[PDB]
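Presented below is the structure to which this report refers.
In what follows, chains carry the letters A, B, and so on, assigned in the order in which the sequence lines appear, proteins first and then strands, with residues in each chain numbered from 1. Basis for what follows: all heavy atoms, side chains included, without hydrogens, waters or symmetry-related copies.
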Amino acid sequence: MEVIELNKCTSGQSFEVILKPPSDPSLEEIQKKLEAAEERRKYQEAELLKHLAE
Amino acid sequence: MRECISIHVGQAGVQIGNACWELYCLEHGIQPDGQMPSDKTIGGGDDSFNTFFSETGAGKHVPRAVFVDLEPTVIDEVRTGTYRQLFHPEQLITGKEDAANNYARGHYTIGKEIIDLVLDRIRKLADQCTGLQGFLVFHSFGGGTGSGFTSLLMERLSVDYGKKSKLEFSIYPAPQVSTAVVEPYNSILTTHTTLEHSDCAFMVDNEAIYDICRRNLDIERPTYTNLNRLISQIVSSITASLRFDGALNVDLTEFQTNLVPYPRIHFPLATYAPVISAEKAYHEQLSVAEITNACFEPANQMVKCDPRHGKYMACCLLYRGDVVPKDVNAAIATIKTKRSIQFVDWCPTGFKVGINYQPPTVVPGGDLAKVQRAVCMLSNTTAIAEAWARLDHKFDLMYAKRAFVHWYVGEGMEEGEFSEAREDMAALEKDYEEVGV
Amino acid sequence: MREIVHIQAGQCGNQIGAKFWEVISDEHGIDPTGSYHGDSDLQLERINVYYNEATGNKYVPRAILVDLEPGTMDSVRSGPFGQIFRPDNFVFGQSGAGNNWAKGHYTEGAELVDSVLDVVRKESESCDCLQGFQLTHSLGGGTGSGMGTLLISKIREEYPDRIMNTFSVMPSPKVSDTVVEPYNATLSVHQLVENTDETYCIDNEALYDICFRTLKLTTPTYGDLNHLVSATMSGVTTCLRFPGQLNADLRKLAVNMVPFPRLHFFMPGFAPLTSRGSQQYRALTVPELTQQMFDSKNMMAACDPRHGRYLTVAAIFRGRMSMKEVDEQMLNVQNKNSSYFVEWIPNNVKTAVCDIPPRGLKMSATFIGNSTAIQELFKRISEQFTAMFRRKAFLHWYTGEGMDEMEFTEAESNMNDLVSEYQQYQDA
Amino acid sequence: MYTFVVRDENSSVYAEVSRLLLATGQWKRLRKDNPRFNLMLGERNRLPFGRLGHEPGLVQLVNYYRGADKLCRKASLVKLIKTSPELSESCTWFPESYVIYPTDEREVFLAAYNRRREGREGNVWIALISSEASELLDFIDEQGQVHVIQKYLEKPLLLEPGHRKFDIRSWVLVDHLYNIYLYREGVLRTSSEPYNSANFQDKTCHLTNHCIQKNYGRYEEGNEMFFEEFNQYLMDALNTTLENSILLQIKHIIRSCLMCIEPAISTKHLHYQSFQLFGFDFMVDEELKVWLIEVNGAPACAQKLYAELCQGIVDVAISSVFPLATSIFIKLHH
Ligand SMILES: Nc1nc2c(ncn2[C@@H]2O[C@H](COP(=O)(O)OP(=O)(O)OP(=O)(O)O)[C@@H](O)[C@H]2O)c(=O)[nH]1
Ligand SMILES: Nc1ncnc2c1ncn2[C@@H]1O[C@H](COP(=O)(O)OP(=O)(O)CP(=O)(O)O)[C@@H](O)[C@H]1O
Ligand SMILES: Nc1nc2c(ncn2[C@@H]2O[C@H](COP(=O)(O)OP(=O)(O)O)[C@@H](O)[C@H]2O)c(=O)[nH]1
Ligand SMILES: COc1ccc(/C=C/C(=O)c2ccc(OC)c3c2OC(C)(C)C=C3)cc1O
Ligand SMILES: [Ca+2]
Ligand SMILES: [Mg+2]
Ligand SMILES: [Mg+2]
């Protein structure tokens, strides 16, 4: 019902119609997490190479 | 003028990126070689299109875009394709081996090796910016790179660019055009890691787009090219207010202000009309009322769900073509009486409307017919949680048996991250619940 | 990653391996000299996966030919496409394995293995991004079974982050050389469970049954059996060899097909089943292809799929056809027989279509099933093993090479565990 | 072959429906959590509507309308009738009703209760039954649930012989096309003890449920008078038919309720489809005026009628979507 904020230019126009009123981790934390995953990877491959050496 | 940088991650992001930048060029009259004759200020300036394009002394208009993929297949097609001159080689980053549909491999294993190169090539574009406002991030939920690497990049961008806004264009997985059986796993994993780092995210369900192409474009079995041309139209509609003169959604901060009152609930639904076949011999052109009415039909949404059984927090209508405010208001008053449109109590029942007089541009020889008028509605409705419910249930089915988990653990991810990611999703489904019913 | 290093060990390994290279060379338009005499560029786009480009438009199979006996490798070198192989990739011993896994794995093969690994390394170094290894071998003899598994173990030590794929021919009393085959197979299966990512179970029982019961051939030869192996092998490698919708590779196959690491033994299938020479003139429709490729009569492992459940399925259709009709027929099988697909892996069937059909067929379909019914194959071998082992019969052939009974008990134990592991998910 | 899932074990209507479907030999029943179904016979509460219609190569149908609970809970039914312009406050066929909360419209209720006292006319209300307002408000706060207070029908139609009260149950099937089908057989759920004008604690003569009664079975079997007998009684006693005196009003009420909610619940353009069987409960006053009492979203049938109705549900609601190789319904045209 109520039209507000009407702005017009050569390209077009914009407006608001209201019908009814109302009632992060650090760099250190990322680099530590990514390196912790590599330590889990290193350990699993080392366990495989130990198994194969057996 | 304040610049935006577009980031395209993995296969889906890159291919959609191509579709969008093809369209942006056709919209601004920028040639495949980068020349733009209508631009009278050679080699710089602060026009509205400079938000997405920088300029060289020779007059080349170059995208503020970085393409990143862990294998070279897809980006090589950018490197050699019809828009090759547009990007400089530094904007196109590839590895040798992909993430094999594995979030943990994209995030932790291959992610660690390529992240610093990507952030450096991002910093290259950010240095050419007088007033960088933030980032537009294109990726799939389902891919290993699209999910895994994106979430890592998004974390780092918060650290390196704290003041900047981050927006997502995300492809939600559909069995109709799927790559991996573990797509639900990757989706929940990426959403959980990305949630604190995304300000506003536009989800596109591949199922919805597929069926739109089948029903409205008469395409028997839609290709990625078919889907991407359609997506690019929707993306272009969303970003038009950044690239043209106007007073609505003119900066990225305004997307959060206008669409996201609740920061966690940052997934607005996009609905688009009309989608018309170029092969249709006879076409009766559709009015402002007819196209605006179409914005409330499930068949036209980017995500199939039922807004009648949810609540609204915000609503934008973005028109392109022959549209005047008088006709918009006449259309709205009629629709409000005929349709179930329930806003939340702590929000006004209202619509923010933007009109651009230029009708949508279609790619020559595409599937979309030229139209006199078009509209993209952006509504933040709790009904979109239907998609989270669907996705979480598929996750639950697999994870009950710990199926495929070893592939993730094998890349050095702890199994606890699965249940952490899932609990966050359960918390999100509850957030929507409180607001919605 | 795209390059695959192919290894073929022992008699069966080399005989099926040679047939694989004959078939895929014809598909890619390569002649015995190695010169491309094709026409479609699609033949060349992913040719570097199996072929190394040589001096002057010549294509050299990335193939290593291994035996403890000079016999079979002379027959390859003198065979149809024999000239195509790189001469230095012929790695052979002299004394043979005598159908003895212990000779292959511990004594004779241990003497020759380092030489093979030097050739593997030379081929690995030529690779821009090596994705992994495929091995052809039987499990019933000594060289393919014993030395093949030794090789796999050593390759995994040297390349622990690469994929190991095998085509593993399972022994049957229906087509048998020696009584000791169940021993060799059981010792081998033990190695495959631990050291491969993907194994195509090629059952000689099934191949005999298809030849006899279905293909009308009253006395099947090895040649008749190997006609089925090459049609299957061509089909399972299609998406690696041709441009596709998915950009298929060995690692993605593993991630997507294998929900639990030990359960990586695939039941392959082919439609239509044909015998040599006699070409059938009527082409199969898509409903016919889909029906046959799921039927037990078309499985390359002698297991009834109705006795278990599909964990995952991959299917590759070849020829000019309605891709929509392919979707509809494949969805029809799943929606009408949903009890035979685990409900706890959603959307567990993936399908591709390739434009290029195999030689002599307008329409074909290759099945790759990870079914729990594969336990039937391992139980069959395990029963044959036990009937001998409970009397320690024929054991002296192995104890004479320094093997102990303890190693036999462990191999048997691990294969029985595998069986119960399959059963666990057949009821869940 | 078609497929279905059964997700409500306690439902007798859909026990018989699933049994009839199996008997065709063209319907196979699947496990509770099997997503690859054509038909869902769903759970009463928390039905996962959002998971429906997302299965490639399957047309999916469910035996419940999402949003229909607004008609089928007392609290929401009043709010719907009070707020919908198609129904409204001056709605002649629904008794005066007020939403009451315990820790809302209590001040709206008591102000209208005064008009009933200052006019000195009949002032009996139902939540249990009392003639004084604050008598059962002390029982509302005691319960701790949102129950509505409604004007009690003090002058009801009474069957002879017996001077008894009753209610009419109507079975209504709404298909996927939003056709409204009234089952031609309804049931009168009779009282067996005579209606007492000034003794409201005597619940057996005032509340006419099948459970409360079970003089039970004296006048008719299981306190159930069907349509043939009631029509004959109306012809004998009052010189009128069931059709003219009562059924016209019933058909009007059913059409009015379901028309009102039609835009909110319709599955006409949805990715999945709905049908639903409803039980409407009617009261008749002494001047043959029909009043709506409530709507049942999960109704149970009468024993005699189970077979005929359940076949009808299979006929027009199930086989209309999924075809195979007289009508018991009256189509309420709109
Ligand atoms: N709409 C659309 N979806 C795509 C496209 N390419 C891939 N997808 C979807 O993205 C998901 C698979 O992820 P991809 O983006 O292909 O994988 P990726 O990010 O390259 O990661 P990798 O697994 O390392 O290759 C699936 O849901 C596909 O349906 C595209 O061009 N358009
Ligand atoms: N306003 C009113 N005036 C007269 N009688 C009323 C009334 N409200 C309720 N009743 C009587 O009380 C009985 C039960 O009322 P109601 O229909 O609310 O309970 P209920 O939900 O258990 C029946 P159902 O089993 O069909 O769901 C009815 O059979 C009716 O006779
Ligand atoms: N399908 C098939 N099976 C074979 C072939 N040659 C041998 N076999 C089987 O392999 C087993 C014998 O192993 P073989 O490969 O001859 O021994 P190796 O030379 O020591 O590897 C038996 O089960 C045979 O049936 C062949 O060409 N085709
Ligand atoms: C259950 O869902 C899936 C199952 C398997 C895949 C496989 C993806 C591949 O990359 C791949 C790799 C090798 C292949 O040949 C053996 C194939 C292969 O997949 C296709 C192209 C579909 C067919 C064969 C993906 C899934 O989602
Ligand atoms: Ca300029
Ligand atoms: Mg990729
Ligand atoms: Mg032999």
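For the set B:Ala104, B:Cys316, B:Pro325, B:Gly354, the entry with the most heavy-atom pairs within less than 4.5 Å of chain A is B:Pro325. Counting heavy-atom pairs closer than 4.5 Å to chain B, the top residue among A:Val3, A:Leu19, A:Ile18 is A:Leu19.
With a threshold of 4.5 angstrom between heavy atoms, B:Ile332 approaches chain A through side-chain atoms but not through N, CA, C or O. When heavy atoms are compared at a cutoff of 4.5 Å, A:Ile30 approaches chain B solely by way of its side chain, counted from C-beta outward. Contact of B:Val323 with chain A is not made at all, since no heavy-atom distance falls under 4.5 Å. Proximity to chain A (any heavy atom under 4.5 Å) is restricted, for B:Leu152, to the side chain, taken from C-beta onward.
The closest side-chain heavy-atom distance from B:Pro348 to A:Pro22 is below 4.5 Å.
With sequence neighbours excluded, no residue forms a side chain to side chain contact (heavy atoms under 4.5 Å, CB included) with B:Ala333.
Atoms CG and CD1, from A:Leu34 and B:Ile115 in turn, are 8.0 Å apart once rounded to the nearest 0.5 Å.
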Only pairs under 3.5 Å, no angle test: what donor-acceptor pairs are there between chain B and chain A?
unit_1, atom_1, unit_2, atom_2, d
B:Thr109, OG1, A:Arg41, NH1, 3.3
B:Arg156, NH1, A:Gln31, OE1, 3.2
B:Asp345, O, A:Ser23, N, 2.7
B:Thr349, N, A:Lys20, O, 2.9
B:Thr349, O, A:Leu19, N, 2.8
B:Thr349, O, A:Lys20, N, 3.2
B:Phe351, N, A:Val17, O, 2.8
B:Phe351, O, A:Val17, N, 2.9
B:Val353, N, A:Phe15, O, 2.7
B:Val353, O, A:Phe15, N, 3.0
B:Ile355, N, A:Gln13, O, 2.7
B:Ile355, O, A:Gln13, N, 3.0
B:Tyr357, N, A:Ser11, O, 2.8
B:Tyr357, OH, A:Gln13, OE1, 2.6
B:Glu411, O, A:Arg41, NH1, 2.9
B:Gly412, O, A:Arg40, NE, 2.8
B:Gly412, O, A:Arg40, NH2, 3.2
B:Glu414, OE2, A:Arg40, NH1, 2.8

